[PDB]
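See structure below.
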Amino acid sequence: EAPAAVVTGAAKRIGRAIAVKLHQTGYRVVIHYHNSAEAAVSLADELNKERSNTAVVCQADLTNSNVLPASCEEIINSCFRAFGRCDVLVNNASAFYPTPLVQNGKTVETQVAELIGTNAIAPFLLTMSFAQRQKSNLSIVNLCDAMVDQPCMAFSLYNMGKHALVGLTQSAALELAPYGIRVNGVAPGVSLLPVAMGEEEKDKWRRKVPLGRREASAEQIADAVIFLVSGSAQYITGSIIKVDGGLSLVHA
Amino acid sequence: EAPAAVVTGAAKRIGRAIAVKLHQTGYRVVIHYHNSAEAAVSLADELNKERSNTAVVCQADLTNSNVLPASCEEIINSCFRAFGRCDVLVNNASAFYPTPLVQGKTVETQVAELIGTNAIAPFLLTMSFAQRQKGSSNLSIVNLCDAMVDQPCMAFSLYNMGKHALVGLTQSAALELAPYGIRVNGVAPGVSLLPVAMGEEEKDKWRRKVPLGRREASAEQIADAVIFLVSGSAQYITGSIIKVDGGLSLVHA
Amino acid sequence: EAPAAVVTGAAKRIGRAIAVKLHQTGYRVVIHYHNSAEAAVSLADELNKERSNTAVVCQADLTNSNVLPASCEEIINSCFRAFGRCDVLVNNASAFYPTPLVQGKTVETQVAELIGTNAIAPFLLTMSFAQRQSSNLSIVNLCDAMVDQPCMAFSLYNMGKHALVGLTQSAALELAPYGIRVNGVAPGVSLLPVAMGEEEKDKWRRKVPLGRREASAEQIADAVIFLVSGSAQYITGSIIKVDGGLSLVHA
Amino acid sequence: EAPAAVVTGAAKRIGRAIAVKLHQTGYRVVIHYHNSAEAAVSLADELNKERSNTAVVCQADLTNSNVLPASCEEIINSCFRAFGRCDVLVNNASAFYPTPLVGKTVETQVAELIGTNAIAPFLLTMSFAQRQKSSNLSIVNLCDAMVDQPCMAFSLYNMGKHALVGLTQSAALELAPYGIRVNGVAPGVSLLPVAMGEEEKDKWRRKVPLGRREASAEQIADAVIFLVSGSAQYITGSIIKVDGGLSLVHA
Ligand SMILES: NC(=O)c1ccc[n+]([C@@H]2O[C@H](COP(=O)([O-])OP(=O)(O)OC[C@H]3O[C@@H](n4cnc5c(N)ncnc54)[C@H](OP(=O)(O)O)[C@@H]3O)[C@@H](O)[C@H]2O)c1
Ligand SMILES: NC(=O)c1ccc[n+]([C@@H]2O[C@H](COP(=O)([O-])OP(=O)(O)OC[C@H]3O[C@@H](n4cnc5c(N)ncnc54)[C@H](OP(=O)(O)O)[C@@H]3O)[C@@H](O)[C@H]2O)c1
Ligand SMILES: NC(=O)c1ccc[n+]([C@@H]2O[C@H](COP(=O)([O-])OP(=O)(O)OC[C@H]3O[C@@H](n4cnc5c(N)ncnc54)[C@H](OP(=O)(O)O)[C@@H]3O)[C@@H](O)[C@H]2O)c1
Ligand SMILES: NC(=O)c1ccc[n+]([C@@H]2O[C@H](COP(=O)([O-])OP(=O)(O)OC[C@H]3O[C@@H](n4cnc5c(N)ncnc54)[C@H](OP(=O)(O)O)[C@@H]3O)[C@@H](O)[C@H]2O)c1
Ligand SMILES: Nc1nc(N)nc(NC2CC2)n1
Ligand SMILES: Nc1nc(N)nc(NC2CC2)n1
Ligand SMILES: Nc1nc(N)nc(NC2CC2)n1
Ligand SMILES: Nc1nc(N)nc(NC2CC2)n1
């Protein structure tokens, strides 16, 4: 039977490109989403029209809280309920906004919980449930960030979250290797910029990229995910592949 | 007059060595602690006997919660209320225990303790530190990281994530606070003082792995690096993390 | 027509797997070799049998010397002479032996072999590659996942491989505006040396988290292939470890 | 008796600050130099005037060649011959100039950039260690905070410095059992010459988060002194950046 993947925040942009390419490759997918219900359900309908009963949606807030463990356990469960298995987990869902150390109107506790939750704690709880329920080509891939060591100004909690994700990637690769589960990452630099991003705001970041002076397409990021879930990456674990067009190599 | 430092989890071991060496260099210290009240107060007594009105304690749980911002603000406030200033912050307090992904604390609690103490508390401490400064000294922060974060212990995933996060704060905060004159750096031990309840056989197993001396670092050795980072000899150093590991991270499996 | 690749030290083991997998995907290959002439020609014969006029050999010492630039120029030239083009360069050739700091080769020779093959040849090859330029041009450098946790007494090897990391980054940066991508593949324990004891091979194997076994040469070639493919067209400056978790294990 | 250090390229700028600062802490210094004879001798004079018989000069080209091993052995010998001991070695001498991949020859570009930044440091380390085979022995290597985000067209330089990182780790590992520590100090922008363009110097200074300015040579030397000091007795294989946050700034 066909394998199954969970992709978090999979309704739009890069998560969608991931889920669609996995689907194109023959996976059944669970499309996790948070606020993007229309796009999530429109996407699962598109994929089910191509192959009946191959896409399902699952809503969940991945903000850290007393209930996050249960939410993540449920996301994994949806995959098993629908498809009877879970072969792959893509941690793509991520909050990203500035959190100045020195003075949007959220509280710091809410900043902490949204940035560290989505980027690190949820990934960890998802990995925990993924692993527990494995009772093959099993693997996890985490959406990281090529610029963690040269981070954006005032994005300390985001950056802290992505660095945590790299440590989860290494820690989880180490511990789950004996269960046959590989754990790896893909680290974009500038990929899709918000549709909002005034077309010349984009170019300020686009002009910085040595390979092409353009952002990555979502499909280019997904290509790396697909490679890491594939049988061509069977020996690869604990690895994080940057797909940044050289941007992290560019000095100030 | 004399500058002041906040040292978290300062009641024993490495934190204590840091607070003692900073005191010996002329700092007034706030000795934060969580459960170690008798050691915290015994230490402040010793330092105030050496120089009156130079050491104060501050109890606070740094587990993550909706009140942790408030606790961290208070820690900083206790330094200003005692000493009228806060010149350095050492983020040393840290929970450390295994959190297996698979095969009595709840995971919510495992998360809140390991991520709180190792990362979120340091972030919040740093925010309160920075907000309380003026907008005229050698202001800096030092974070106690971990040399082994890229080759971590088996089943310590939450701890490791906390330390990696600390690394990212170090960088992020160095970048953001450099314009305020506030340097931010790290010291990354390997094996320093060891558990109370591990056998000499297991302590010897870790010791044998250290290329420089086949021995763990003394707490004073770690403190030496902190002192360097706070000193005027490191005034251009920010965003840097100094490993003090006797080569242990260079040893392959 | 078909693209062409240069693969250094391609006569056996990992370089052979790279050149065969490249050939299997439709590339014409230059099989560079140094001492392994019988295996080089035997491989080019096997590939030309499968597809006539698709494999050629090229002998060259990649020890550092004042003629090394010329050797590396010739390697690239062989590719253009045979196939009219050069689309891919795989820097696989490498010397590897201990060079203790507290000690039959002289140190001048240890330096020239370990630094030349693992770093300066690669640099010179990439220069020649670049100067000689629809397409998907890229370079893949064979690095080593253990550079930060190196073997005892292999300082010149390790320096070579760390230098290869730097070329990777520096070349990626500089050649990106010419459309040329530059990336690496960093094995841990892959094929073991035939002169190793089976007992000492097993000791390294038992260290690998993922399978307690060394990588096959094919498994390394897979990652090279990915990097040269159209699926990696935004990837440059990147080095992919293929080590089964070996570098994440503490002492 | 006072300890002795060798500092390479010590006639001017950062090497000079290192030597001066070591001298100020009670070391006898061997001031190595290449072309800067008048500054080397003028410095040794100043230091000897302060404390008689505590500074000596030693000329050597550190470009890679057949004779580099010998030259590096002599540099170490000059310290033993003058002072009867050698306790620290600072590898500061370095060539730095562009080497585009697309008036010197490439063979000479290779020998100067890789020799000064890497191979000489290795050979010095080898001689240092062999001559040893209370006491605080260490080596400190001048690295470069920007090796992972290198300057455009400085391939060979960057390869050199990455190599130096590798030697640092490899030597730390191998020499730790002899009690010899090996560490590095990684500047970002420190002294920029007043001959370099005010616009281009301003671009660089404006990029530094901490102060919008270059490090003084003395600030770099401070980090060297820390690492040689008894306050760094457990530190080995570590490289300390002294870059004012410059390497944390994205493009
Ligand atoms: N685009 C880039 O240049 C770039 C660069 C570096 C790294 N990355 C990484 O690549 C990934 C994908 O990037 P993207 O730009 O496609 O991401 P994005 O659009 O900003 O976010 C992806 C998804 O995250 C979900 N999300 C946000 N908050 C959530 C919450 N509290 N709970 C559950 N889900 C939540 C959203 O779901 P809903 O809309 O359904 O609410 C969203 O569709 C992320 O991991 C990101 O950090 C991207
Ligand atoms: N020892 C080592 O080999 C080693 C190795 C690598 C890195 N490090 C790093 O070096 C630092 C110091 O190490 P160490 O061994 O001295 O540390 P430790 O003894 O394990 O912990 C130091 C203190 O942290 C405080 N702490 C724990 N949980 C807390 C909480 N929830 N709220 C507030 N405080 C809490 C405790 O204070 P109370 O006792 O008062 O409760 C404890 O005494 C740590 O940052 C560590 O991660 C140490
Ligand atoms: N095998 C591993 O576990 C492993 C681990 C980490 C990294 N790697 C890296 O992966 C790549 C291939 O590894 P491998 O194990 O296949 O390597 P290998 O067999 O040791 O080397 C491949 C070829 O290197 C060539 N070579 C050696 N000295 C040369 C010289 N002076 N001039 C020109 N060519 C020379 C040889 O060519 P000839 O026989 O024709 O003379 C040899 O067949 C290398 O870059 C290696 O450093 C391998
Ligand atoms: N200044 C900076 O912003 C900066 C930034 C990053 C890293 N660094 C690193 O820090 C160190 C000191 O830098 P700096 O700028 O003071 O250095 P520098 O002026 O460029 O060079 C230092 C000395 O190296 C010696 N040297 C050059 N070529 C040589 C050769 N072929 N043989 C022997 N010696 C040779 C020269 O000595 P003679 O004058 O006697 O010929 C020179 O005075 C270097 O390791 C450097 O790469 C500096
Ligand atoms: N790094 C990152 N992380 C998230 N979650 N979202 C985004 N969106 C980018 C601004 C387009 N980027
Ligand atoms: N917080 C922390 N971090 C590490 N690595 N080790 C320790 N060890 C102490 C015995 C508890 N504590
Ligand atoms: N060139 C190279 N590099 C490594 N790491 N390993 C090997 N193994 C070959 C059998 C010696 N070769
Ligand atoms: N990185 C480096 N290395 C050397 N030797 N010299 C320099 N000089 C810079 C122009 C001040 N930079």
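Residue numbering restarts at 1 in every chain; chains get A, B, ... in the order shown in the structure tokens, and ligands count up from 1 in that same order.
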
At most 6 Å to chain A: residues in chain C, only C-alpha atoms, as a PyMOL selection string: chain C and resi 176+209-210+222+231+234-238+241-242+244-245

Selection above as a file: C-alpha atoms, as a compact mmCIF listing (two decimals), in the first residue's frame:
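Dumped everything to result.txt:
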# COMPACT_ATOMS: atom_id res chain seq x y z
CA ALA C 176 27.17 31.70 -8.67
CA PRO C 209 23.85 4.90 14.59
CA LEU C 210 21.96 4.19 11.36
CA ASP C 222 23.30 9.15 -4.81
CA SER C 231 16.26 19.12 -8.32
CA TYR C 234 18.95 26.52 -6.11
CA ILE C 235 21.48 24.64 -3.98
CA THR C 236 25.00 26.06 -3.86
CA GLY C 237 27.51 26.42 -1.05
CA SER C 238 25.88 23.42 0.58
CA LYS C 241 26.64 14.72 5.12
CA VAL C 242 26.04 11.07 4.30
CA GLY C 244 24.49 7.57 9.09
CA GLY C 245 24.69 9.76 12.19

Residues of chain B within 7 Å of chain C, only C-alpha atoms counted, as a PyMOL selection string: chain B and resi 150-152+209+250-253

Contact set, chain B to chain A: 9 Å, only C-alpha atoms, as a VMD selection string: chain B and resid 65 to 69 100 to 103 107 to 109 111 115 119 to 120 123 to 124 126 to 128 130 to 131 149 to 158 160 to 169 171 to 173 175 to 177

Distance filter 9 Å around ligand 2, atoms: only C-alpha atoms and all ligand atoms, out as a PyMOL selection string: chain B and resi 8-17+32-37+39-40+59-64+91-96+112-114+116-118+121+143-148+159+163+187-195+216-217+219+222+245

Test item: residues lying within 10 Å of ligand 7 with only C-alpha atoms and all ligand atoms, as JSON, numbers by chain: {"C": [9, 13, 14, 92, 93, 94, 95, 96, 97, 114, 117, 118, 142, 143, 144, 145, 146, 147, 150, 151, 154, 157, 158, 161, 186, 187, 188, 189, 190, 191, 192, 193, 194, 195, 196]}

All helix (DSSP H, G or I) positions in segment 31-144 of chain A, as a ChimeraX atom specification: /A:37-50,68-83,108-132

Fewer than 4 positions away in the same chain doesn't count, so skip those; otherwise give me all residues within 9 Å of residue 176 of chain D, counting only C-alpha atoms, as a JSON list (two decimals) with N, CA, C and O atoms, in the first residue's frame.
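This is the output file out.json:
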[["chain", "number", "residue", "atom", "x", "y", "z"],
["B", 211, "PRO", "N", 40.87, 14.73, 26.26],
["B", 211, "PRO", "CA", 42.28, 14.72, 25.85],
["B", 211, "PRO", "C", 43.25, 15.54, 26.70],
["B", 211, "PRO", "O", 44.37, 15.10, 26.94],
["B", 212, "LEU", "N", 42.84, 16.73, 27.16],
["B", 212, "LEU", "CA", 43.69, 17.58, 28.00],
["B", 212, "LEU", "C", 43.57, 17.19, 29.46],
["B", 212, "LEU", "O", 42.75, 17.75, 30.18],
["B", 213, "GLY", "N", 44.35, 16.21, 29.91],
["B", 213, "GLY", "CA", 44.40, 15.92, 31.33],
["B", 213, "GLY", "C", 43.62, 14.69, 31.75],
["B", 213, "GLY", "O", 43.83, 14.23, 32.86],
["B", 246, "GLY", "N", 38.62, 20.99, 27.35],
["B", 246, "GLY", "CA", 39.86, 20.23, 27.26],
["B", 246, "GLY", "C", 39.98, 19.34, 26.04],
["B", 246, "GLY", "O", 40.63, 18.28, 26.10],
["B", 247, "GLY", "N", 39.35, 19.74, 24.94],
["B", 247, "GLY", "CA", 39.37, 18.95, 23.72],
["B", 247, "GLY", "C", 38.27, 17.91, 23.55],
["B", 247, "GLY", "O", 38.26, 17.19, 22.55],
["D", 171, "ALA", "N", 45.69, 19.57, 15.88],
["D", 171, "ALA", "CA", 46.84, 19.69, 16.77],
["D", 171, "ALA", "C", 46.40, 19.71, 18.24],
["D", 171, "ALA", "O", 47.00, 19.03, 19.08],
["D", 172, "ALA", "N", 45.34, 20.46, 18.53],
["D", 172, "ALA", "CA", 44.78, 20.41, 19.88],
["D", 172, "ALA", "C", 44.62, 18.97, 20.35],
["D", 172, "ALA", "O", 45.06, 18.58, 21.43],
["D", 180, "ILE", "N", 50.36, 20.43, 25.54],
["D", 180, "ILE", "CA", 50.33, 21.61, 24.68],
["D", 180, "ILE", "C", 48.92, 21.93, 24.20],
["D", 180, "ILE", "O", 48.26, 21.11, 23.56],
["D", 181, "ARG", "N", 48.46, 23.14, 24.52],
["D", 181, "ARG", "CA", 47.11, 23.58, 24.18],
["D", 181, "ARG", "C", 47.29, 24.25, 22.82],
["D", 181, "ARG", "O", 48.39, 24.74, 22.53],
["D", 182, "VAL", "N", 46.23, 24.23, 22.02],
["D", 182, "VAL", "CA", 46.21, 24.83, 20.69],
["D", 182, "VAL", "C", 44.87, 25.53, 20.46],
["D", 182, "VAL", "O", 43.81, 24.92, 20.48],
["D", 236, "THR", "N", 41.36, 24.16, 24.97],
["D", 236, "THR", "CA", 42.11, 23.75, 23.79],
["D", 236, "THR", "C", 41.14, 23.39, 22.67],
["D", 236, "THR", "O", 40.01, 22.93, 22.91]]
